[PDB]
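Heads up: the structure comes next, in structure tokens.
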Amino acid sequence: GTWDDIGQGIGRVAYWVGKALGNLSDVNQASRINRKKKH
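In PDB author numbering, the protein residues as written are 1 to 39.
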């Protein structure tokens, strides 16, 4: 198949997903655009 191999490691998908799931810096940036947009 292939749809199942998508996580096998098509491109650091494992380290990526796990990194994004437990990320934080993402919220930091989005926190600025939020107050900046709504002023």
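All C-beta atoms in this analysis are idealised placements derived from N, C-alpha and C, irrespective of residue type, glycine included.
Counting along the chain, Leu-24 sits inside no alpha helix (DSSP H), nor does DSSP assign it H or E at all. Excluding residues up to 5 positions away in sequence, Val-13 lie with their Cβ nearer than 6 angstroms to the Cβ of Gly-7 in the same chain.
Take the alpha-carbon of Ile-10 and the one of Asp-4: they are about 10 angstroms apart. DSSP places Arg-35 in the helix class (H, G or I) of the three-state scheme.
Under the three-state reduction of DSSP, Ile-10 is assigned to coil, being neither helix nor strand.
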